[PDB]
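Visitor: Quick check, what structure comes out for this input:
(chains A, B and C, ligands or ions: 6)
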Amino acid sequence: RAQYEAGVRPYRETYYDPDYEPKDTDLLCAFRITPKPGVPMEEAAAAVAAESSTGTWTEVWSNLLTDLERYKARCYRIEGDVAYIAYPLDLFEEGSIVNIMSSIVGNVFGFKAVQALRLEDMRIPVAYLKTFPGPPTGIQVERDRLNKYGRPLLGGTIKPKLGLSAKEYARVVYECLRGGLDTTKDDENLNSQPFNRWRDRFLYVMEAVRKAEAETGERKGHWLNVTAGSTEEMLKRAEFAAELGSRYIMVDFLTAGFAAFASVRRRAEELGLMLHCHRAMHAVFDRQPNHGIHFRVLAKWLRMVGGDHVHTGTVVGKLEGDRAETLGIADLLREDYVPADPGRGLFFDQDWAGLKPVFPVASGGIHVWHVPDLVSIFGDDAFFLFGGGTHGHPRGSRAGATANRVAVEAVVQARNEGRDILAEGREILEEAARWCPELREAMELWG
Amino acid sequence: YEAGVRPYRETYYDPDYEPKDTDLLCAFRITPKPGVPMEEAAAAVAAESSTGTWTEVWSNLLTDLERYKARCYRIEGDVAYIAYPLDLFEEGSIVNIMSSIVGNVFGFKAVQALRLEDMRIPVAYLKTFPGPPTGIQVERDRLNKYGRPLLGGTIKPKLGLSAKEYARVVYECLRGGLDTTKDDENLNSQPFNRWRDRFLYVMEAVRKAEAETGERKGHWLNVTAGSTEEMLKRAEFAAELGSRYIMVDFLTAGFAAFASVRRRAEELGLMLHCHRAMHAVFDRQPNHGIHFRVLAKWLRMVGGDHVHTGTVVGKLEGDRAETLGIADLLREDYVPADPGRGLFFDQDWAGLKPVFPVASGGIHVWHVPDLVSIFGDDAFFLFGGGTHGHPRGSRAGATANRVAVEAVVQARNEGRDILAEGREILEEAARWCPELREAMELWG
Amino acid sequence: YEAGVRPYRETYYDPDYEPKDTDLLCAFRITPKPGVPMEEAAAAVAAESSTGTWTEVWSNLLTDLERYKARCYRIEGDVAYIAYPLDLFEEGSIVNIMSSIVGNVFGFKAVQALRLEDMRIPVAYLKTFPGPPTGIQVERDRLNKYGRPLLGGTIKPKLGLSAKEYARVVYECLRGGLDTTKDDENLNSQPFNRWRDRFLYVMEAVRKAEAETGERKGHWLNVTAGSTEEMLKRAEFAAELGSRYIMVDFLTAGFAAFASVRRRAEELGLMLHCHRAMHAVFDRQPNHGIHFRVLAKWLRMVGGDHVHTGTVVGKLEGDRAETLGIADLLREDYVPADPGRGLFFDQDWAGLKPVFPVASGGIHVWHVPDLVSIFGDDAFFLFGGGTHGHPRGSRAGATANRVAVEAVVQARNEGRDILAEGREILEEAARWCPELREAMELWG
Ligand SMILES: O=C(O)[C@@](O)(COP(=O)(O)O)[C@H](O)[C@H](O)COP(=O)(O)O
Ligand SMILES: O=C(O)[C@@](O)(COP(=O)(O)O)[C@H](O)[C@H](O)COP(=O)(O)O
Ligand SMILES: O=C(O)[C@@](O)(COP(=O)(O)O)[C@H](O)[C@H](O)COP(=O)(O)O
Ligand SMILES: [Mg+2]
Ligand SMILES: [Mg+2]
Ligand SMILES: [Mg+2]
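Guide: Residues are numbered from 1 along each chain as shown, chains lettered A, B, ... in the order given. Ligands and ions are numbered 1, 2, ... in the order given. Now the structure:
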């Protein structure tokens, strides 16, 4: 019959500890808090750390059963608007993105105390980072498996988004691949529709894929969308895609969730499939700059659970983006050590513990005119996806795919002579179009 | 075929359209860019969540666009109505609904904000979903508890307790009056509390508490994990220990994994409580995200016996009128439209059995009268800190909450006005129950 | 590149290097051959357990060698410290550590004698290991025994006893007062006593003693076999017969088979006793082999609820100073360095649960006062010959050992100094326990 305080006390007297120094085995989270008026910054910040850790809204008698200072999180520093919170390594399950997200962003977002809250960044310790498998193949194995070096790998998204049948899907796929695009892909909403059933789409396009390979001499592919209602169907389509001879599968890793994505990733590696990830539904999180989760937290989670490719967004396309923000996200995927850059959105350093890099994928309303801006931001090791910029050509997919290939290859070659891309890209493209008719129509169409 | 970018307003906007009974209707509260009209923005969402793209493609002529394309048929100044043909969606997959409607259209340069308010699932599409395994009525029979809201509590602190101590806290709550308890949403498998020890320990407490009480008890074991196979392994372990219940975080785990776990859960004869963690990343702000009524619809479609609806008077933010609509949207067979409660569309549930709503948050005894007013008797009340925060331990806290609920319900059944007489009912009950007396004089 | 043979010192000896928190530090006791400097031998062992070889190869330039090479950073005259980076070792596998650290290095001509004294497991690498399935705390609840050492005993003779007679000795010892018994390390399945019969007969003896004594008994059935498939077949048969325990010779079976049996034991819910047979060939000599503190670290990581820590006062050798170090290396969450206790490095156990250290050998009642002093309340005292060697049988021998330990621990709990009053305490116990008298006056 032990006795305790049994009251209601502020969160900042047991969860705000400015003198704390974070360990190298601690999870560090940067939160962009907006408190309810009257409530102080340092009190709402302690609320976030309390309810992503052992805390609650009252003293409980169970607090004396176990030591609380060993496991409790604590907001160790506040820079006015950004509150830094340190989580012990003992609070998280080994090798599960679900728990690092069930706890950190579970209940802290819907509190009355905080009017709005954003998770700007997060430092994953090397101790926690090593319990994760990471990408199956990474960039370097990917390039060798495709036998393509020194060039941003191309790609298209077969349009119309929905409506095409399996026979008509495969003929468009063959047009893009024969045109010069290194790869195509299913659209994110095309799974098993009554007009484009998956068991027929998988069989049809791979005949188109294998036909284009025998005629061009290069190695092509097609990111079959294997997302489905459940993990069982997701694995069944992964199995069928492998035995058909495909090198690729695709998963909407956010709509399908992270547990299903991790389950598919293990099956995909066992079948020797390079797994492309689509970030659909990410814009619900990372759009508003005052609430949600920044993408670079999801970019860290993807590489942590394993994905050969992912969309980082295009800055100059038809979807929102920031150039400084994207550059940080690109190096969070492609590099091994990422020093903190305040001007590039990063708040912490990142030791990647030998985990292998991820291809950044630029997708959106990008045509030949975006190539000079696309090459500079991403460089050689990236994917350029021309969905509308290939089929939208005034002479079909094959003409559009060739023009896109010429534009990307001319600029990248031009970068080798030291020519300044951001000052001479227009003239470079005009010089290329002076001898490439397909690029001529594309340049005199979009502008 | 004429190449070139054309305004979206000419093809994917159609105000004179009358939606078929088999369409998938959606309501978007669009906030467009300056200089971009609502008509352009509304057609942008409908086109880009459907057959459309950012330009004109030669492959448009290959099939019939009008058969499949979405279209906006009504704009109420700020909210845009969009109709989706039934042939665009896979039969029984929440993921395709998510990856099509709420997948790509939110992150446009020309849409400063976009919130999916409500969407109407046609009966034809609804017939391909399994629905909740047990539902409200079968659950009440299985527990053998009728005519009152069921009580629960989150074992606290959230993390830190060992398996031995966790089962000791669980025993005190269940012995003290609570019908069920639950693992907290972040307690999956940690070094201080591994899952194979916690499952075996708290199930011993559940059986010990049940035998010494005479009532069926339960504990929502958290089978959430980092993979579908791991969760199915954890669900299987809980099943053969004799557990009635499991618990999955249906949003952080995902929807494909949630559907996989639901199918396995019904095979083992479990009752799958669902926790809505991370939902506030979506539904908090009023100008961006997805309203929880849409996420509440989807959960019932795929199947879940419980779901958190959000207590109105607790510590978590949540509206009162909108929560009433959600409670009707999860329990009732037919839900007519009600602009007061934010229900844009009329929803027919086509025989899908209902879902227990769960009210959890910073609630205590003082919130019992208001909670019973809102949720009636077919709901769960969770007192995480309102049980363990009692000045005399969990057994007293559980008794205080149990006495508070049973007293307020009895007065409501006797015809008293709960909203006006809650304080009087609670005082009259504390007049003969000390545990409730100490609970009230401590809080509020 | 320059091709040829080069001294090992030039590249793999870095006295200025500062070890990282993610490095794998080892302490090698080197005895160089007459005519080679100590650092050259220290550099040689570092290179031959890492990216190095005996000649400069053209393929070294293909990689950043300095990111992977192991280097010697401190020499203490005769002990060498080597720092192994984290990238060289596969996660979760003990076998890869021994393939690198204690592989080819022990056999080069330059280093005549080499012993691995201690090694530091970084927290980053340590986290990728499961640890003991149940540990100390959970097991005590599983047996419902607290506040005293747990008493067991090997069944003698080692080999020869038939299945029926073997279960008769087990019944006497358990009925007499022991908490567990155990199979002997070399009794897997022999023509005179097969495992199908031994497992079935023993589990009948355990249950009969468990029912008549009122407390929970057990028996560490040996599931060791020549293949992991056979071991798992025996592990499952022991599990469905109701046994609490299984026993594996974790050194003769091999670390891979041990990791496989440990994973299956946790799934089946079996406590896993580990026997260190063949460890002596490693750790007996003071100038060659592997110290048992390294094998104690390796065991706790890969898993195991018990390990034979060795008794100081017995027929088996073993120091006293190092024995306290190992017992702390198993049971404590953090183990600070102590050069007088043999520990070279600070060890952080990253939440891995502790392990019972088991003391066995040629011990009897006269050794109990010193045994309860070295270990304390958390250890197993195995009386193989001290239980059946009693003149009046094994039932009387079990009682004598049980009384001797429980009297000593109760005398410690009231302030008496055990090392000074062991004889007096044992005589006081013997003046009211006749069984203890005959054990005292036969082995005095
Ligand atoms: O759905 C689409 O619109 C695309 O197929 C582009 O088609 P177009 O190239 O014809 O526009 C891409 O998946 C989105 O841009 C994804 O954006 P993010 O990569 O930022 O997720
Ligand atoms: O984690 C918690 O805080 C709780 O256990 C409440 O325990 P207390 O009762 O001790 O606060 C609930 O799961 C969340 O509040 C969920 O809220 P929502 O239903 O809005 O997700
Ligand atoms: O084989 C034996 O001798 C024992 O059964 C003891 O029997 P007695 O009690 O009759 O000696 C033990 O297994 C060893 O002593 C263990 O050696 P270590 O402690 O070195 O692992
Ligand atoms: Mg797309
Ligand atoms: Mg909770
Ligand atoms: Mg032996």
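Visitor: Residue A:33: helix or strand, and which one exactly?
Guide: strand A:27-35 (DSSP states H and E).
Visitor: CA-only coordinates of whichever helix or strand comes after that strand, as PDB, when you get a sec.
Guide: Counting by DSSP H and E, the next helix or strand C-terminal to strand A:27-35 is helix A:41-51. Coordinates of the C-alpha atoms in helix A:41-51 are reproduced here as PDB (Å, rounded to 0.1, in the frame of the first residue of the first chain):
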ATOM      1  CA  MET A  41       6.500  26.800 -25.800                       C
ATOM      2  CA  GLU A  42       8.500  24.800 -23.200                       C
ATOM      3  CA  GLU A  43       5.300  23.300 -21.700                       C
ATOM      4  CA  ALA A  44       3.700  22.000 -25.000                       C
ATOM      5  CA  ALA A  45       7.200  20.700 -26.000                       C
ATOM      6  CA  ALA A  46       7.300  18.600 -22.800                       C
ATOM      7  CA  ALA A  47       3.800  17.400 -23.600                       C
ATOM      8  CA  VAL A  48       5.000  16.000 -26.900                       C
ATOM      9  CA  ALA A  49       7.900  14.200 -25.300                       C
ATOM     10  CA  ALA A  50       5.700  12.900 -22.500                       C
ATOM     11  CA  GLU A  51       3.100  11.300 -24.800                       C
END
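Visitor: Can you name the next helix or strand after helix A:41-51?
Guide: strand A:74-78.
Visitor: Give me the contacts around the strand holding residue A:33.
Guide: A:22, A:41, A:43-45, A:48, A:52, A:81-89, A:91-92, A:100, A:104, A:108, A:113-125, A:128, A:290, A:347-348 (Cβ atoms under 8 Å, 6 or more residues apart in numbering or on different chains). Bear in mind the C-beta positions are built from the backbone N, C-alpha and C, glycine included.
Visitor: Start and end of stretch A:118-132, how far apart?
Guide: 25 Å (Cα to Cα, to the nearest Å).
Visitor: Just the contacts of strand A:27-35: which are in helices?
Guide: A:41, A:43, A:44, A:45, A:48, A:100, A:104, A:128 (DSSP state H).
Visitor: how about the closest residue to ligand 3 within chain A, phi and psi?
Guide: For chain A and ligand 3, the shortest gap (Cβ to the nearest ligand atom) falls at residue A:94, measuring 31.7 Å. The phi and psi values for residue A:94, taken as degrees, to the nearest 10, are phi -80, psi 130.
Visitor: those strands in the stretch 251-400 of chain A, which residues are they?
Guide: Applying DSSP state E, counting those that start in this stretch to the stretch 251-400 of chain A gives strands spanning A:274-278, A:292-293, A:309-311, A:337-338, A:350-351, A:359-363, A:383-385.
Visitor: Look at the residue lying closest to residue A:211 once chain neighbours are set aside and tell me its secondary structure.
Guide: Distance criterion Cβ to Cβ, 6 or more residues apart in numbering or on different chains; nearest residue to residue A:211, sequence neighbours excluded, is residue A:174 at 6.0 Å. Here residue A:174 is recorded as helix under DSSP: H, G, I helix; E, B strand; the rest coil.
Visitor: Contacts only, for residue A:174.
Guide: A:208, A:209, A:211, A:212.
Visitor: ok, so of these, who is nearest residue A:66?
Guide: Nearest to residue A:66 among these: residue A:209, at 57.2 Å, using Cβ to Cβ.
Visitor: Can I take it that that closest one is in a strand?
Guide: No. Per three-state DSSP, residue A:209 lies outside any strand segment and is helix.
Visitor: Next one: it from residue A:225, what distance?
Guide: 15 Å (Cβ to Cβ, to the nearest Å).
Visitor: quick one on the thing from earlier: among the contacts of strand A:27-35, name the buried ones.
Guide: A:22, A:43-45, A:48, A:52, A:82-89, A:91-92, A:100, A:104, A:108, A:113-125, A:128, A:347-348 (16 or more other Cβ atoms under 10 Å in any protein chain shown).
Visitor: Residue A:73 is in contact with residue A:20, correct?
Guide: No. Applying Cβ atoms under 8 Å, one finds residue A:20 not in contact with residue A:73, separated by 10.0 Å.
Visitor: about what we covered before: could you dump the strands of the stretch 251-400 of chain A to JSON lines with mean neighbour count and distance to ligand 2?
Guide: Rendered in JSON lines, the data for these read as follows (neighbours: other Cβ atoms under 10 Å in any protein chain shown; distance: least, Cβ to the nearest ligand atom, whole Å):
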{"stretch": "strand A:274-278", "mean neighbour count": "27", "distance to ligand 2": "28"}
{"stretch": "strand A:292-293", "mean neighbour count": "26", "distance to ligand 2": "16"}
{"stretch": "strand A:309-311", "mean neighbour count": "25", "distance to ligand 2": "29"}
{"stretch": "strand A:337-338", "mean neighbour count": "15", "distance to ligand 2": "33"}
{"stretch": "strand A:350-351", "mean neighbour count": "20", "distance to ligand 2": "29"}
{"stretch": "strand A:359-363", "mean neighbour count": "26", "distance to ligand 2": "33"}
{"stretch": "strand A:383-385", "mean neighbour count": "25", "distance to ligand 2": "37"}
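Visitor: Out of those strands, the one nearest residue A:187 is which?
Guide: Among those, strand A:274-278 sits nearest to residue A:187 (Cβ to Cβ), with 9.2 Å.
Visitor: wait, does that closest one contact ligand 4?
Guide: No. Applying Cβ under 5 Å from the ion, one finds strand A:274-278 separated from ligand 4 by no less than 7.1 Å.
Visitor: Which residues outside that strand are in contact with it?
Guide: So strand A:274-278 is contacted by A:136-137, A:142, A:145, A:185, A:188, A:223, A:225, A:247-253, A:261, A:264-265, A:268-269, A:302, A:306-311, A:361 (Cβ under 8 Å, 6+ apart).
Visitor: Can you say which of those residues are buried?
Guide: Buried, going by 16+ other Cβ under 10 Å: A:136-137, A:142, A:145, A:185, A:188, A:223, A:225, A:247-253, A:261, A:264-265, A:268-269, A:302, A:306-311, A:361, out of the contacts of strand A:274-278.
Visitor: If we ignore the residues flanking it in sequence, what's nearest the closest residue to chain B within chain A?
Guide: Proximity of chain A to chain B (Cβ to the nearest Cβ) peaks at residue A:257, 1.0 Å away. Nearest non-adjacent residue to residue A:257, counting by Cβ to Cβ, 6+ apart: residue B:254, 1.0 Å away.
Visitor: Tell me what residue A:338 is bridged to.
Guide: Counting by DSSP bridges, residue A:338 is bridged to residue A:350.
Visitor: In this structure it contacts residue A:346, no?
Guide: Yes. Residue A:338 is within contact range of residue A:346, at 6.6 Å (criterion: Cβ under 8 Å).
Visitor: any common contacting residues for the two?
Guide: Joint contacts of residue A:338 and residue A:346 (Cβ under 8 Å, 6+ apart) are A:328, A:332.
Visitor: List the contacts of residue A:152.
Guide: A:374, A:375, A:378, A:379, A:380, A:381, A:382, A:383, A:384, A:408, A:412.
Visitor: The first one touches residue A:368, doesn't it?
Guide: No. The pair residue A:374 and residue A:368 does not pass the contact test of Cβ under 8 Å, sitting 10.1 Å apart.
Visitor: what sits against residue A:70?
Guide: By Cβ under 8 Å, 6+ apart, residue A:70 lies in contact with A:88, A:90, B:160.
Visitor: now do residue A:65
Guide: Contacts of residue A:65 (Cβ under 8 Å, 6+ apart): B:161, B:165, B:168, B:169.
Visitor: Repeat that for residue A:263.
Guide: Taking Cβ under 8 Å, 6+ apart as the test, what residue A:263 contacts is A:231, A:234, A:235, B:227, B:228, B:229, B:257.
Visitor: May I have the secondary structure class of residue A:411?
Guide: With three-state DSSP as the criterion, residue A:411 reads helix.
Visitor: Next one: it from ligand 2, what distance?
Guide: Per Cβ to the nearest ligand atom, to the nearest Å, residue A:411 is found 50 Å from ligand 2.
Visitor: Equivalent analysis for residue A:423, please.
Guide: For residue A:423 relative to ligand 2 (Cβ to the nearest ligand atom), the value is 53 Å.
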